[PDB]
Amino acid sequence: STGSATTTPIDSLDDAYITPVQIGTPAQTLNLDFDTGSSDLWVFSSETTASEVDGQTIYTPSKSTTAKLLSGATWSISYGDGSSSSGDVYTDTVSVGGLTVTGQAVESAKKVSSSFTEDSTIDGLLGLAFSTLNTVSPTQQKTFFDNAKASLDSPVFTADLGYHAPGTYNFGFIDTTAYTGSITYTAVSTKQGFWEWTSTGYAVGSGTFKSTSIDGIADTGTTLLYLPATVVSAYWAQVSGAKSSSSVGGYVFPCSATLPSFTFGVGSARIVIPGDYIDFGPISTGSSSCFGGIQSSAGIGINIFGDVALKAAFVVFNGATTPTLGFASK
């Protein structure tokens, strides 16, 4: 089997991407944030505290003939940005882009933090990291990908995120028309439950490539590119007037700037992030200070190849017995 679904930015900045997902019988379509940095499929639901719902589409298990309470199971998750959610668990039929999993754990939110409430466009998350990170207790549950894997034509999914445009998540096949050149594969460590890999270096604009190992995670659920302070300083030093602002929470730059590109290494291959991808616009409405899309990972504890990086590539998440990651230009 295979699946193919379009993923669409939630706003003009590509802050996140939503992908329609069918849950239950008859289908209830919710728009979920596919997150390769976590491993829970959770949804706004008929159980979510009413004051914490503001415009989201909810899953109502009582209206699904295939929903079953997973008795005694609870979940609770906290994300890197400080947001969180928790609740109980159903199993139900879940389909993405024509690919169906029966008995998928669908984590129903009883509580969500303010950041989720405030984002009316995101009806929940669909985790695509390794199932070892799943938070369901006392019986840990598998991700949609892990459940689908055996049925897939090939044990892979791909992320093809757009810059200010829709893109695609495919399951079970590699669309050879979706990228240019060849795909370069690189080793993954699953020790922390992430799609963790080591970039071979970077360049800023037309500058020389610096060969240096940068361990980080491929994380579709993180907006920006978070790299070591040395690398980030080298980037922003090439932008007149750029500075790190503790009051704003990172590097800012004059909105009048033209940003240089940023290149990262994948083995001997190179992925180029155009400068425009690094512009996250005014820090507040009407400001002439703009927020940067490359930020320091210092104090996160891990480097994160988030959407800013991933949307510059066609990315293969290879879930074979020995997982690997592939990157191609596009």
# chains A, B, ... in the order shown; residues from 1 in each chain; ligands from 1
>>> select_by_dssp(residues="region 88-276 of chain A", states="helix (DSSP H, G or I)", output="list in words")
residues 114, 115, 116, 117, 118, 131, 132, 133, 144, 145, 146, 147, 148, 149, 150, 151, 229, 230, 231, 232, 233, 234, 235, 236, 275 and 276 of chain A
>>> residues_around(residues="region 103-111 of chain A", least_positions_apart="4", cutoff="8 Å", atoms="only C-alpha atoms", output="list in words")
residues 40, 41, 42, 43, 44, 45, 47, 48, 49, 52, 59, 75, 85, 86, 87, 88, 89, 90, 91, 92, 93, 94, 141, 142, 143, 144 and 147 of chain A
>>> residues_around(residues="residue 62 (chain A)", least_positions_apart="5", cutoff="10 Å", atoms="only C-alpha atoms", output="PyMOL selection string")
chain A and resi 24+46+67-69
>>> closest_residue(among="A:255, A:177, A:224, A:270", to="residue 209 (chain A)", atoms="only C-alpha atoms")
A:270
>>> closest_residue(among="A:131, A:220, A:83, A:212", to="residue 112 (chain A)", atoms="only C-alpha atoms")
A:83
>>> select_by_dssp(residues="region 50-248 of chain A", states="strand (DSSP E or B)", output="ChimeraX atom specification")
/A:59,68-78,84-96,99-112,124-127,137,156-160,167-171,184-187,189,196-204,210-218,225-227,243-245
>>> closest_residue(among="A:170, A:208, A:139, A:244", to="residue 154 (chain A)", atoms="only C-alpha atoms")
A:170
>>> residues_around(residues="residue 253 (chain A)", least_positions_apart="6", cutoff="8 Å", atoms="only C-alpha atoms", output="list in words")
residues 239, 240, 241, 242, 243, 289, 290, 291 and 292 of chain A
>>> write_last_selection(atoms="N, CA, C and O atoms", output="CSV table (one decimal), in the first residue's frame")
chain,number,residue,atom,x,y,z
A,239,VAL,N,25.0,39.8,7.8
A,239,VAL,CA,23.8,40.6,7.6
A,239,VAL,C,24.0,41.9,8.4
A,239,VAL,O,24.0,41.9,9.6
A,240,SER,N,24.1,43.0,7.7
A,240,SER,CA,24.3,44.3,8.3
A,240,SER,C,23.2,44.6,9.3
A,240,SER,O,22.0,44.6,8.9
A,241,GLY,N,23.5,44.9,10.5
A,241,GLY,CA,22.5,45.3,11.5
A,241,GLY,C,21.9,44.2,12.3
A,241,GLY,O,21.1,44.4,13.2
A,242,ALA,N,22.2,42.9,11.9
A,242,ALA,CA,21.7,41.8,12.7
A,242,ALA,C,22.3,41.7,14.1
A,242,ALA,O,23.5,42.0,14.3
A,243,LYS,N,21.5,41.2,15.0
A,243,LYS,CA,21.9,41.1,16.4
A,243,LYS,C,21.1,40.1,17.1
A,243,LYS,O,19.9,39.9,16.7
A,289,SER,N,12.0,45.6,12.5
A,289,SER,CA,12.9,44.5,12.9
A,289,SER,C,12.3,43.2,12.6
A,289,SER,O,11.1,43.0,12.9
A,290,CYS,N,13.0,42.3,11.9
A,290,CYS,CA,12.5,41.1,11.4
A,290,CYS,C,13.2,39.9,12.2
A,290,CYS,O,14.3,40.0,12.6
A,291,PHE,N,12.4,38.8,12.3
A,291,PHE,CA,12.9,37.7,13.1
A,291,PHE,C,13.6,36.7,12.2
A,291,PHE,O,13.1,36.3,11.1
A,292,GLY,N,14.8,36.2,12.6
A,292,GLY,CA,15.6,35.3,11.8
A,292,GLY,C,15.1,33.9,11.9
A,292,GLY,O,14.6,33.4,12.9
>>> closest_residue(among="A:185, A:145, A:194, A:327", to="residue 221 (chain A)", atoms="only C-alpha atoms")
A:194
>>> closest_atom_pairs(of="region 176-213 of chain A", to="region 315-325 of chain A", cutoff="7 Å", atoms="only C-alpha atoms", output="JSON lines")
{"residue": "A:185", "atom": "CA", "partner": "A:325", "partner_atom": "CA", "distance": 5.4}
{"residue": "A:186", "atom": "CA", "partner": "A:325", "partner_atom": "CA", "distance": 5.4}
{"residue": "A:187", "atom": "CA", "partner": "A:324", "partner_atom": "CA", "distance": 5.0}
{"residue": "A:188", "atom": "CA", "partner": "A:324", "partner_atom": "CA", "distance": 5.0}
>>> closest_residue(among="A:124, A:299, A:175, A:101", to="residue 150 (chain A)", atoms="only C-alpha atoms")
A:101
>>> residues_around(residues="residue 17 (chain A)", least_positions_apart="5", cutoff="8 Å", atoms="only C-alpha atoms", output="JSON, numbers by chain")
{"A": [7, 8, 9, 10, 33, 34]}
>>> residues_around(residues="residue 178 (chain A)", least_positions_apart="2", cutoff="12 Å", atoms="only C-alpha atoms", output="PyMOL selection string")
chain A and resi 158-162+167-170+173-176+180-183+313-316+327-330
>>> residues_around(residues="residue 121 (chain A)", least_positions_apart="4", cutoff="10 Å", atoms="only C-alpha atoms", output="PyMOL selection string")
chain A and resi 9-11+16-18+30-33+54-57+116-117
>>> closest_residue(among="A:122, A:267, A:298, A:236", to="residue 58 (chain A)", atoms="only C-alpha atoms")
A:122
>>> atom_distance(atom1="CA of residue 259 (chain A)", atom2="CA of residue 197 (chain A)")
26.7 Å
